[PDB]
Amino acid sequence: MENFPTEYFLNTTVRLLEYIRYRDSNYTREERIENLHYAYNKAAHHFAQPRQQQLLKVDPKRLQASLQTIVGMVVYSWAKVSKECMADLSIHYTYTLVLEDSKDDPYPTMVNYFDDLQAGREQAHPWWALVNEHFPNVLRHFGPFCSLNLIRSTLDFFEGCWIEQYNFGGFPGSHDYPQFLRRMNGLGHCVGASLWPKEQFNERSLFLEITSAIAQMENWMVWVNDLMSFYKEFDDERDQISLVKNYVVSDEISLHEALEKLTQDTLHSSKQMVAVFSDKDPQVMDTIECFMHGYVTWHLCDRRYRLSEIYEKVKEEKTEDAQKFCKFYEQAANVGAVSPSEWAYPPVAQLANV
């Protein structure tokens, strides 16, 4: 491509939103804010601890911005979990996001990974040291099966970040590479399994549905991002190994053909997602529907994805899509547009400096 497929983007987006049934919720801005600040505050105090401040090498400003981007995603998507749950999930997912930062080679620190694990000795890699130490606060909200899923997916993620360091889009013809990588660093099963706290659900009772949820949520969650994230990533010459971009390199297809591959999967996933869970345990479909809608809300609201920019362009345009989009956007805006000043405070740096 040359310029952004604005309209095509609009169409697909609108379609995605319809398929999932993007409608208003009883999750008020007062509530969103209540939770945002709760989660943010617990996390902030956590990342402000000296030990964390030391072992986690991250630019203060990025830790701040990342923590905020995470708390938002969690609060807006795990709408049904408890406040403490959102908090602890926020701390975990902030750790994972921060790891994408380290340029440092894992090799030397991963050499005795298994021996130290089995021995109970703190890991050599500082990230694992902090993360595995904190993990119990996340795992306490879940049952054994879901916990196993969170554990695995996180391990998966670590490897993903490692592979990512090589900035490799796959050898041309290596068709299986792209999705292999996307799943590797997508945290699919972590997200999927983290949607079912043992306080509101029963793994054994809903094993089949939970397992199915994980299986399906994994792809929906990553593809919806790759999709809605396509606008911010379009011109970012720094971001060179994204799913779509790798489809191009590995499958040797046009950036458009690749974008098409994505949209198709995204939609199909959405459809089947609804098809499967609609007539299932109401409490399930609920958590599932809330996550999907919240996930889309957050994407549309976080400046990280600069979607507000495509809002202006098609704002006054009088076509169908352009309008259906703006309506949806405006929808989310009313519940999701919240000035950080209302919840994200004080800054992590400040709590730390004390």
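For every residue, the number given is its place in the sequence shown, counted from 1.
- Look at the mean CA B-factor for 255-263 and for 81-89 in the entry; the higher one is 255-263.
- If you average the C-alpha B-factors over 47-55 and over 23-31, the higher value belongs to 23-31.
- Residue-level inspection of the entry shows that, of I288, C326, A39, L67, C326 has the top Cα B-factor.
- When the C-alpha B factors of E159, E122, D281, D115 are read from the deposited coordinates, the top value falls at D281.
- The entry lists a Cα temperature factor for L351 that places it in the middle third of the chain's modelled residues.
- Sort the modelled residues of the chain by CA B factor and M273 lands in the highest third.
- Among the modelled residues of its chain, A322 has a C-alpha B-factor that falls in the highest third according to the deposited record.
- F207: CA B factor in the middle third of modelled residues in this chain (values from the PDB entry).
- Remark: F9 belongs to the highest third of its chain, ranked by C-alpha B-factor as recorded.
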